file model05.pdb (PDB, C-alpha atoms)
MODEL        1
ATOM      1  CA  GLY A   1     144.703  68.449  54.219  1.00  0.00           C
ATOM      2  CA  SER A   2     144.074  67.841  50.536  1.00  0.00           C
ATOM      3  CA  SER A   3     141.160  67.930  48.121  1.00  0.00           C
ATOM      4  CA  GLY A   4     142.068  67.242  44.512  1.00  0.00           C
ATOM      5  CA  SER A   5     142.555  70.327  42.374  1.00  0.00           C
ATOM      6  CA  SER A   6     140.941  72.083  39.435  1.00  0.00           C
ATOM      7  CA  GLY A   7     139.937  75.460  38.050  1.00  0.00           C
ATOM      8  CA  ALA A   8     140.074  77.212  34.699  1.00  0.00           C
ATOM      9  CA  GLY A   9     138.604  80.154  32.822  1.00  0.00           C
ATOM     10  CA  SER A  10     140.282  83.363  31.724  1.00  0.00           C
ATOM     11  CA  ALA A  11     137.298  85.396  30.588  1.00  0.00           C
ATOM     12  CA  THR A  12     135.852  87.228  33.567  1.00  0.00           C
ATOM     13  CA  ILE A  13     133.148  89.233  31.836  1.00  0.00           C
ATOM     14  CA  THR A  14     130.956  88.414  28.862  1.00  0.00           C
ATOM     15  CA  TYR A  15     129.012  91.003  26.901  1.00  0.00           C
ATOM     16  CA  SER A  16     126.260  90.566  24.339  1.00  0.00           C
ATOM     17  CA  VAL A  17     126.276  92.319  20.984  1.00  0.00           C
ATOM     18  CA  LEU A  18     125.500  91.426  17.388  1.00  0.00           C
ATOM     19  CA  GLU A  19     128.133  91.576  14.674  1.00  0.00           C
ATOM     20  CA  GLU A  20     126.844  94.533  12.695  1.00  0.00           C
ATOM     21  CA  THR A  21     126.688  96.621  15.847  1.00  0.00           C
ATOM     22  CA  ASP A  22     126.244 100.250  14.864  1.00  0.00           C
ATOM     23  CA  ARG A  23     128.686 102.932  15.942  1.00  0.00           C
ATOM     24  CA  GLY A  24     127.821 104.462  19.294  1.00  0.00           C
ATOM     25  CA  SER A  25     125.807 101.431  20.335  1.00  0.00           C
ATOM     26  CA  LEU A  26     125.777 100.365  23.967  1.00  0.00           C
ATOM     27  CA  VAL A  27     127.685  97.100  24.142  1.00  0.00           C
ATOM     28  CA  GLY A  28     127.045  96.613  27.840  1.00  0.00           C
ATOM     29  CA  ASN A  29     127.637  97.894  31.352  1.00  0.00           C
ATOM     30  CA  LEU A  30     131.053  97.708  32.970  1.00  0.00           C
ATOM     31  CA  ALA A  31     130.668  99.701  36.164  1.00  0.00           C
ATOM     32  CA  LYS A  32     127.261  98.118  36.629  1.00  0.00           C
ATOM     33  CA  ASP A  33     128.569  94.753  35.492  1.00  0.00           C
ATOM     34  CA  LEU A  34     131.054  94.279  38.308  1.00  0.00           C
ATOM     35  CA  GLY A  35     128.449  96.088  40.375  1.00  0.00           C
ATOM     36  CA  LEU A  36     130.912  98.896  40.994  1.00  0.00           C
ATOM     37  CA  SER A  37     130.073 102.587  40.980  1.00  0.00           C
ATOM     38  CA  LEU A  38     130.921 105.055  38.238  1.00  0.00           C
ATOM     39  CA  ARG A  39     133.029 106.939  40.754  1.00  0.00           C
ATOM     40  CA  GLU A  40     135.055 103.828  41.493  1.00  0.00           C
ATOM     41  CA  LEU A  41     135.415 103.317  37.760  1.00  0.00           C
ATOM     42  CA  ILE A  42     136.336 106.973  37.426  1.00  0.00           C
ATOM     43  CA  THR A  43     138.739 107.124  40.346  1.00  0.00           C
ATOM     44  CA  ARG A  44     140.490 104.038  39.029  1.00  0.00           C
ATOM     45  CA  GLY A  45     140.009 105.422  35.539  1.00  0.00           C
ATOM     46  CA  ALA A  46     138.322 102.503  33.818  1.00  0.00           C
ATOM     47  CA  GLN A  47     138.732 102.456  30.056  1.00  0.00           C
ATOM     48  CA  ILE A  48     138.339  99.995  27.206  1.00  0.00           C
ATOM     49  CA  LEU A  49     141.403  98.447  25.613  1.00  0.00           C
ATOM     50  CA  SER A  50     140.785  97.158  22.109  1.00  0.00           C
ATOM     51  CA  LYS A  51     143.519  96.796  19.516  1.00  0.00           C
ATOM     52  CA  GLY A  52     146.812  98.659  19.642  1.00  0.00           C
ATOM     53  CA  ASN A  53     145.857 101.619  17.485  1.00  0.00           C
ATOM     54  CA  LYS A  54     142.291 102.858  17.215  1.00  0.00           C
ATOM     55  CA  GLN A  55     139.901 101.364  19.742  1.00  0.00           C
ATOM     56  CA  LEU A  56     136.565  99.853  18.785  1.00  0.00           C
ATOM     57  CA  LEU A  57     135.200 100.758  22.196  1.00  0.00           C
ATOM     58  CA  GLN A  58     134.838 103.875  24.313  1.00  0.00           C
ATOM     59  CA  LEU A  59     133.608 103.813  27.892  1.00  0.00           C
ATOM     60  CA  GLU A  60     131.907 107.152  28.426  1.00  0.00           C
ATOM     61  CA  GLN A  61     132.498 106.566  32.117  1.00  0.00           C
ATOM     62  CA  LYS A  62     129.319 108.511  32.777  1.00  0.00           C
ATOM     63  CA  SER A  63     126.774 105.761  33.306  1.00  0.00           C
ATOM     64  CA  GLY A  64     129.108 102.831  32.765  1.00  0.00           C
ATOM     65  CA  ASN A  65     128.138 101.909  29.224  1.00  0.00           C
ATOM     66  CA  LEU A  66     130.426 100.549  26.533  1.00  0.00           C
ATOM     67  CA  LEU A  67     130.210 102.636  23.384  1.00  0.00           C
ATOM     68  CA  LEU A  68     131.412 101.481  19.986  1.00  0.00           C
ATOM     69  CA  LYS A  69     133.957 103.597  18.150  1.00  0.00           C
ATOM     70  CA  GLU A  70     132.694 102.980  14.635  1.00  0.00           C
ATOM     71  CA  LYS A  71     130.698 100.519  12.565  1.00  0.00           C
ATOM     72  CA  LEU A  72     132.397  97.145  12.812  1.00  0.00           C
ATOM     73  CA  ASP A  73     133.517  95.428   9.631  1.00  0.00           C
ATOM     74  CA  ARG A  74     133.588  91.662   9.997  1.00  0.00           C
ATOM     75  CA  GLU A  75     136.877  89.926   9.293  1.00  0.00           C
ATOM     76  CA  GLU A  76     138.581  92.579  11.387  1.00  0.00           C
ATOM     77  CA  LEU A  77     136.963  91.044  14.446  1.00  0.00           C
ATOM     78  CA  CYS A  78     135.709  87.614  13.453  1.00  0.00           C
ATOM     79  CA  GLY A  79     132.851  87.842  10.982  1.00  0.00           C
ATOM     80  CA  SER A  80     131.085  84.496  10.881  1.00  0.00           C
ATOM     81  CA  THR A  81     134.105  82.819  12.428  1.00  0.00           C
ATOM     82  CA  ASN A  82     133.466  81.259  15.817  1.00  0.00           C
ATOM     83  CA  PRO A  83     133.033  81.692  18.507  1.00  0.00           C
ATOM     84  CA  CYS A  84     133.178  85.297  17.363  1.00  0.00           C
ATOM     85  CA  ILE A  85     134.185  87.106  20.531  1.00  0.00           C
ATOM     86  CA  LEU A  86     135.696  90.567  20.770  1.00  0.00           C
ATOM     87  CA  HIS A  87     139.068  90.947  22.446  1.00  0.00           C
ATOM     88  CA  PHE A  88     139.264  93.713  25.021  1.00  0.00           C
ATOM     89  CA  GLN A  89     140.447  94.508  28.528  1.00  0.00           C
ATOM     90  CA  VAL A  90     139.492  96.927  31.277  1.00  0.00           C
ATOM     91  CA  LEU A  91     142.392  99.198  32.152  1.00  0.00           C
ATOM     92  CA  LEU A  92     142.573 100.685  35.627  1.00  0.00           C
ATOM     93  CA  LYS A  93     144.808 103.391  37.047  1.00  0.00           C
ATOM     94  CA  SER A  94     146.474 103.632  40.437  1.00  0.00           C
ATOM     95  CA  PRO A  95     145.904 101.242  41.691  1.00  0.00           C
ATOM     96  CA  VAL A  96     146.839 100.061  38.219  1.00  0.00           C
ATOM     97  CA  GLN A  97     144.776  96.996  37.397  1.00  0.00           C
ATOM     98  CA  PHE A  98     143.560  95.074  34.371  1.00  0.00           C
ATOM     99  CA  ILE A  99     140.694  92.697  33.690  1.00  0.00           C
ATOM    100  CA  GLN A 100     140.063  90.064  31.044  1.00  0.00           C
ATOM    101  CA  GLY A 101     136.577  90.741  29.734  1.00  0.00           C
ATOM    102  CA  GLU A 102     134.887  89.279  26.679  1.00  0.00           C
ATOM    103  CA  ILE A 103     132.249  90.136  24.105  1.00  0.00           C
ATOM    104  CA  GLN A 104     129.801  87.404  23.169  1.00  0.00           C
ATOM    105  CA  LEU A 105     127.774  87.558  19.977  1.00  0.00           C
ATOM    106  CA  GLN A 106     124.084  88.302  20.377  1.00  0.00           C
ATOM    107  CA  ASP A 107     123.045  84.662  20.380  1.00  0.00           C
ATOM    108  CA  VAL A 108     119.659  85.306  21.943  1.00  0.00           C
ATOM    109  CA  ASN A 109     117.324  82.450  21.098  1.00  0.00           C
ATOM    110  CA  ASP A 110     116.050  80.592  24.140  1.00  0.00           C
ATOM    111  CA  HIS A 111     114.411  83.020  26.539  1.00  0.00           C
ATOM    112  CA  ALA A 112     113.650  80.233  28.984  1.00  0.00           C
ATOM    113  CA  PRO A 113     111.037  80.470  31.747  1.00  0.00           C
ATOM    114  CA  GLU A 114     111.740  82.757  34.680  1.00  0.00           C
ATOM    115  CA  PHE A 115     109.912  84.762  37.318  1.00  0.00           C
ATOM    116  CA  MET A 116     111.573  85.885  40.529  1.00  0.00           C
ATOM    117  CA  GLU A 117     113.523  83.568  42.798  1.00  0.00           C
ATOM    118  CA  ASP A 118     113.651  82.835  46.509  1.00  0.00           C
ATOM    119  CA  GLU A 119     114.300  79.505  48.187  1.00  0.00           C
ATOM    120  CA  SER A 120     115.986  78.371  51.380  1.00  0.00           C
ATOM    121  CA  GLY A 121     115.214  75.718  53.966  1.00  0.00           C
ATOM    122  CA  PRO A 122     117.478  73.190  55.700  1.00  0.00           C
ATOM    123  CA  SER A 123     116.496  69.749  56.934  1.00  0.00           C
ATOM    124  CA  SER A 124     117.641  67.051  59.328  1.00  0.00           C
ATOM    125  CA  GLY A 125     116.401  64.353  61.676  1.00  0.00           C
TER     126      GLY A 125
ENDMDL
END
call {"tool": "encode", "arguments": {"input": "model05.pdb", "output": "C-alpha cells"}}
result
Amino acid sequence: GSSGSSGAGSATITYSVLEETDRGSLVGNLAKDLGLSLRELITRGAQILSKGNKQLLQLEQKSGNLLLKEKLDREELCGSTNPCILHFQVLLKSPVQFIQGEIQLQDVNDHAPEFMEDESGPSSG
C-alpha cells in the first residue's frame, strides 16, 4: 500500500500574550492546554525552559498557569520583529520528556462569529 506523503510543523503549542507583558502575568495554561492534570504535570515535573540562564517563565505548577519572570524588554525576545514568538520548551522528568511549545503575540483582532457547535448525520442511497 502507498498514499503519497507529507507532514510538517514543529510547534506543538501556541500561547497568546502581548509584548509588554507585565511580570507575573499569566501567559497561558499548560496542564490545561494539553488537557492534562496538575498532578500529571507535577509527577512528571513540568517546568518552563526559556533561555540558558534566567528564565522568562515560571510554571507555578499549582493551577497550570505560565507566569512571567520579569517585565520583558523587546529586542531580547523579538520586539516588533516578526513573527515575534517566544522560544520555550516544556521539560518533563522521569519519564523524561520535552515538548516544543510556542508563544504567539496577542494578535486578537477578528473575534469571528461563534455560538456552540454540534453536527453529525451521514447519508446514502
call {"tool": "closest_residue", "arguments": {"input": "model05.pdb", "among": "A:110, A:19, A:40, A:118", "to": "residue 61 of chain A", "atoms": "only C-alpha atoms"}}
result
A:40
call {"tool": "residues_around", "arguments": {"input": "model05.pdb", "residues": "residue 29 of chain A", "least_positions_apart": "4", "cutoff": "8 Å", "atoms": "only C-alpha atoms", "output": "MDAnalysis selection string"}}
result
chainID A and resid 33 64:66
call {"tool": "atom_distance", "arguments": {"input": "model05.pdb", "atom1": "atom CA of residue 58 of chain A", "atom2": "atom CA of residue 35 of chain A"}}
result
19.0 Å
call {"tool": "resolve_selection", "arguments": {"input": "model05.pdb", "expression": "the PyMOL selection byres ((chain A and resi 22) around 8)", "output": "JSON, numbers by chain"}}
result
{"A": [20, 21, 23, 24, 25, 68, 70, 71, 72]}
call {"tool": "closest_residue", "arguments": {"input": "model05.pdb", "among": "A:13, A:92, A:38, A:103", "to": "residue 56 of chain A", "atoms": "only C-alpha atoms"}}
result
A:103
call {"tool": "resolve_selection", "arguments": {"input": "model05.pdb", "expression": "the PyMOL selection byres ((chain A and resi 48) around 10)", "output": "list in words"}}
result
residues 30, 46, 47, 49, 50, 51, 55, 56, 57, 58, 59, 60, 66, 67, 88, 89, 90, 91, 92 and 101 of chain A
call {"tool": "write_last_selection", "arguments": {"input": "model05.pdb", "atoms": "C-alpha atoms", "output": "JSON list (two decimals), in the frame of the given file"}}
result
[["chain", "number", "residue", "atom", "x", "y", "z"],
["A", 30, "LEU", "CA", 131.05, 97.71, 32.97],
["A", 46, "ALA", "CA", 138.32, 102.50, 33.82],
["A", 47, "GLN", "CA", 138.73, 102.46, 30.06],
["A", 49, "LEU", "CA", 141.40, 98.45, 25.61],
["A", 50, "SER", "CA", 140.78, 97.16, 22.11],
["A", 51, "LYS", "CA", 143.52, 96.80, 19.52],
["A", 55, "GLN", "CA", 139.90, 101.36, 19.74],
["A", 56, "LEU", "CA", 136.56, 99.85, 18.78],
["A", 57, "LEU", "CA", 135.20, 100.76, 22.20],
["A", 58, "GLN", "CA", 134.84, 103.88, 24.31],
["A", 59, "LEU", "CA", 133.61, 103.81, 27.89],
["A", 60, "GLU", "CA", 131.91, 107.15, 28.43],
["A", 66, "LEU", "CA", 130.43, 100.55, 26.53],
["A", 67, "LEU", "CA", 130.21, 102.64, 23.38],
["A", 88, "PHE", "CA", 139.26, 93.71, 25.02],
["A", 89, "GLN", "CA", 140.45, 94.51, 28.53],
["A", 90, "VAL", "CA", 139.49, 96.93, 31.28],
["A", 91, "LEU", "CA", 142.39, 99.20, 32.15],
["A", 92, "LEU", "CA", 142.57, 100.68, 35.63],
["A", 101, "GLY", "CA", 136.58, 90.74, 29.73]]
call {"tool": "resolve_selection", "arguments": {"input": "model05.pdb", "expression": "the PyMOL selection byres ((chain A and resi 11) around 8)", "output": "list in words"}}
result
residues 9, 10, 12, 13, 14, 100, 101 and 102 of chain A
call {"tool": "atom_distance", "arguments": {"input": "model05.pdb", "atom1": "atom CA of residue 62 of chain A", "atom2": "atom CA of residue 93 of chain A"}}
result
16.9 Å
call {"tool": "axis_aligned_box", "arguments": {"input": "model05.pdb", "around": "segment 29-46 of chain A", "padding_each_side": "5 Å", "output": "AutoDock Vina command-line options"}}
result
--center_x 133.9 --center_y 100.7 --center_z 36.4 --size_x 23.2 --size_y 22.8 --size_z 20.1
call {"tool": "atom_distance", "arguments": {"input": "model05.pdb", "atom1": "atom CA of residue 43 of chain A", "atom2": "atom CA of residue 31 of chain A"}}
result
11.7 Å
call {"tool": "residues_around", "arguments": {"input": "model05.pdb", "residues": "residue 16 of chain A", "least_positions_apart": "5", "cutoff": "8 Å", "atoms": "all atoms listed in the file", "output": "ChimeraX atom specification"}}
result
/A:27-28,103-107
call {"tool": "closest_residue", "arguments": {"input": "model05.pdb", "among": "A:45, A:2, A:8, A:17", "to": "residue 84 of chain A", "atoms": "only C-alpha atoms"}}
result
A:17
call {"tool": "decode", "arguments": {"input": "model05.pdb", "residues": "segment 10-53 of chain A", "atoms": "N, CA and C atoms", "output": "short mmCIF file (atom, residue, chain, number, x, y, z; two decimals), in the first residue's frame"}}
result
data_model
loop_
_atom_site.label_atom_id
_atom_site.label_comp_id
_atom_site.auth_asym_id
_atom_site.auth_seq_id
_atom_site.Cartn_x
_atom_site.Cartn_y
_atom_site.Cartn_z
N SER A 10 6.66 21.98 13.70
CA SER A 10 7.40 21.69 14.92
C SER A 10 6.59 22.14 16.14
N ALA A 11 6.21 23.41 16.13
CA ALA A 11 5.44 23.97 17.22
C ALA A 11 4.25 23.05 17.52
N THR A 12 4.09 22.74 18.80
CA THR A 12 3.01 21.88 19.23
C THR A 12 1.96 22.68 20.00
N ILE A 13 2.43 23.70 20.69
CA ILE A 13 1.55 24.56 21.47
C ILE A 13 1.80 26.02 21.09
N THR A 14 0.74 26.81 21.15
CA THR A 14 0.83 28.22 20.82
C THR A 14 0.06 29.06 21.85
N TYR A 15 0.80 29.90 22.55
CA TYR A 15 0.20 30.76 23.56
C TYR A 15 -0.07 32.15 23.00
N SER A 16 -0.82 32.93 23.77
CA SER A 16 -1.16 34.28 23.36
C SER A 16 -0.79 35.27 24.46
N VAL A 17 0.05 36.22 24.10
CA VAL A 17 0.50 37.23 25.05
C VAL A 17 1.08 38.42 24.28
N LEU A 18 0.81 39.61 24.80
CA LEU A 18 1.30 40.83 24.18
C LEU A 18 2.83 40.79 24.14
N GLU A 19 3.42 41.98 24.06
CA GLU A 19 4.87 42.10 24.02
C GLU A 19 5.38 42.79 25.29
N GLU A 20 4.52 43.63 25.85
CA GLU A 20 4.87 44.36 27.06
C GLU A 20 4.32 43.63 28.29
N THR A 21 4.07 42.35 28.12
CA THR A 21 3.54 41.53 29.20
C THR A 21 4.23 41.90 30.52
N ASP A 22 3.41 42.15 31.53
CA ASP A 22 3.93 42.51 32.84
C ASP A 22 4.47 41.25 33.53
N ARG A 23 5.30 41.48 34.54
CA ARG A 23 5.89 40.38 35.29
C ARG A 23 4.85 39.76 36.22
N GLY A 24 4.73 38.44 36.12
CA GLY A 24 3.79 37.71 36.95
C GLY A 24 2.44 37.57 36.24
N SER A 25 2.45 37.84 34.95
CA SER A 25 1.24 37.75 34.15
C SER A 25 1.07 36.33 33.62
N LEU A 26 -0.18 35.88 33.62
CA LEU A 26 -0.49 34.54 33.15
C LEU A 26 -0.39 34.50 31.62
N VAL A 27 0.60 33.76 31.14
CA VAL A 27 0.82 33.64 29.71
C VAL A 27 -0.24 32.71 29.12
N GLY A 28 -0.45 31.59 29.80
CA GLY A 28 -1.43 30.62 29.35
C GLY A 28 -1.39 29.36 30.23
N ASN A 29 -2.25 28.41 29.88
CA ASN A 29 -2.33 27.17 30.62
C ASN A 29 -1.51 26.09 29.89
N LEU A 30 -0.82 25.28 30.68
CA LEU A 30 -0.01 24.22 30.13
C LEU A 30 -0.64 22.86 30.46
N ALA A 31 -0.96 22.69 31.74
CA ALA A 31 -1.57 21.46 32.20
C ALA A 31 -2.99 21.36 31.65
N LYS A 32 -3.61 22.53 31.48
CA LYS A 32 -4.97 22.59 30.97
C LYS A 32 -4.93 22.61 29.44
N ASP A 33 -3.80 23.06 28.91
CA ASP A 33 -3.62 23.13 27.47
C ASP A 33 -3.70 21.72 26.88
N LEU A 34 -2.74 20.90 27.28
CA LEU A 34 -2.69 19.52 26.80
C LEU A 34 -3.89 18.75 27.34
N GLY A 35 -4.58 19.38 28.28
CA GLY A 35 -5.75 18.76 28.89
C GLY A 35 -5.35 17.81 30.02
N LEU A 36 -4.08 17.89 30.39
CA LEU A 36 -3.56 17.04 31.45
C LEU A 36 -3.96 17.62 32.81
N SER A 37 -3.63 16.88 33.85
CA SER A 37 -3.95 17.31 35.20
C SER A 37 -2.68 17.79 35.91
N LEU A 38 -2.86 18.77 36.79
CA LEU A 38 -1.74 19.33 37.53
C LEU A 38 -0.86 18.19 38.04
N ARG A 39 -1.50 17.23 38.70
CA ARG A 39 -0.79 16.09 39.24
C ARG A 39 0.17 15.51 38.19
N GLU A 40 -0.40 15.18 37.04
CA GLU A 40 0.39 14.62 35.95
C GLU A 40 1.57 15.55 35.63
N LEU A 41 1.29 16.84 35.64
CA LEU A 41 2.31 17.83 35.35
C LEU A 41 3.31 17.88 36.51
N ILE A 42 2.80 17.61 37.70
CA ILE A 42 3.63 17.62 38.89
C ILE A 42 4.49 16.35 38.92
N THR A 43 3.82 15.22 38.83
CA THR A 43 4.50 13.93 38.85
C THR A 43 5.66 13.94 37.85
N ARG A 44 5.35 14.38 36.64
CA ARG A 44 6.35 14.44 35.59
C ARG A 44 7.11 15.76 35.64
N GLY A 45 6.93 16.46 36.76
CA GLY A 45 7.59 17.74 36.95
C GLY A 45 7.67 18.52 35.64
N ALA A 46 6.63 19.31 35.40
CA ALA A 46 6.57 20.11 34.19
C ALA A 46 7.00 21.54 34.51
N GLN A 47 8.06 21.97 33.84
CA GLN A 47 8.59 23.31 34.04
C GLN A 47 8.75 24.03 32.70
N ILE A 48 9.07 25.31 32.78
CA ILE A 48 9.26 26.11 31.59
C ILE A 48 10.75 26.31 31.34
N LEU A 49 11.15 26.09 30.10
CA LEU A 49 12.54 26.24 29.72
C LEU A 49 12.68 27.41 28.74
N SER A 50 13.22 28.51 29.25
CA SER A 50 13.41 29.69 28.44
C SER A 50 14.80 30.29 28.71
N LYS A 51 15.62 30.29 27.66
CA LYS A 51 16.96 30.83 27.77
C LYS A 51 17.80 29.93 28.68
N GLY A 52 19.11 30.01 28.50
CA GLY A 52 20.02 29.21 29.30
C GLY A 52 20.01 29.66 30.76
N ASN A 53 20.37 30.92 30.96
CA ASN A 53 20.41 31.48 32.30
C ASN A 53 19.26 32.48 32.47
#
